[PDB]
Structure formats: structure tokens, C-alpha cells
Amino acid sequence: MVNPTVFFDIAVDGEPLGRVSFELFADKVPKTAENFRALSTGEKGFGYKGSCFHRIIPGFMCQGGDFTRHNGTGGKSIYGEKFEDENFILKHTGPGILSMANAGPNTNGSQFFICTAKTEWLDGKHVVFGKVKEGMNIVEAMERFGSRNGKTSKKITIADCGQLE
């Protein structure tokens, strides 16, 4: 078994910026990693392609994953609307950590965030399931369009995504 690598191609108001690839820890959180992997290939008939990063706060994180309502309120898992917090073995140790956004205990859907700093206050509350493998400079470039309140000054979209390995 080798952990899956998935990629996103980011565009800023339609102009391609670059590729970010992620390693997903299916060896520690198989169910959360599988959810992100199938949503990145679109193989269940819905997924991240074409969705946006709706909330970016420089120094904190970039958040996206709402492919249903697009405004930050929706999204869903490949298991039904929401699923359980698989475990909290991994922490939010520094830039590059991939973790699930939620609305309290056991409410995981499709929304996720990429940490641009250690965010230890989220440990034990949000399930960490991946890391940026390549393209951290694209994530850094994305923060430039965010603000303290999270609204972005340009539309940041996942122009394409899929599985590499």
C-alpha cells in the first residue's frame, strides 16, 4: 500500500496559477483520506472540480470544498451527508497540514482546510488527514488574495483535480 497522492490545479479568476499535490494518510485515517480521494477524482458523480476556496485568512488557512451551495454552507461526503471523526492521531503541527472543517463532533462532509501555520488549538477537534507534498508556494500565493475576515479579493477555483498515485 502506498498512500494516495491527489492534486489540485488552482486558478485565480480563471487564470491558472499552479498545481498543489497532497499526500493523504490512508494508513492512519483510511475513511477520511478515501473521502477526499474520491471527491478529487469525481468518481461518485460529484466532487471538488470547479469549486472554490471561499474563505482564506493569511497566516491561518485556506478553506474550500463546498461543491453544492458554493457559498461555504454545503458540501457532503461520499458516505452520505456527514460522517464521524475517525480519530485525532495527527496534529496541526505546521504549514501544509490538510484537515477537515466541521460544525462540531462527527459532522465531516467535504469541506477541508490547508494550514499555513501551526494551529494547535484545532487539535483533537478537526481530523488531520493529509499534507501538501508539492506546491506549497502555490498555497502561499493563494493567501495573498485572502483577508482577516476570510473574504477573497479574487475567485480562487480548483480548475482541475484528480489522483496521481
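The first residue of the shown sequence is 1; numbering continues from there. In this text, rigid core is short for the largest set of C-alphas that superpose within 1.5 Å between two forms.
- Relative to the displayed structure, the C-alphas of 66-74 lie farther away on average in 7 other deposited structures of this protein than those of the other candidate, with 66-74 and 35-43 compared after rigid core superposition.
- The mean C-alpha temperature factor is higher for 147-155 when 8-16 and 147-155 are set side by side.
- Here 125-133 and 63-71 are compared by their mean Cα B-factor, and 63-71 comes out higher.
- In the PDB entry, residue 28 places in the highest third of its chain by CA B-factor.
- Among the modelled residues of the chain, residue 52 sits in the highest third by CA temperature factor in this PDB entry.
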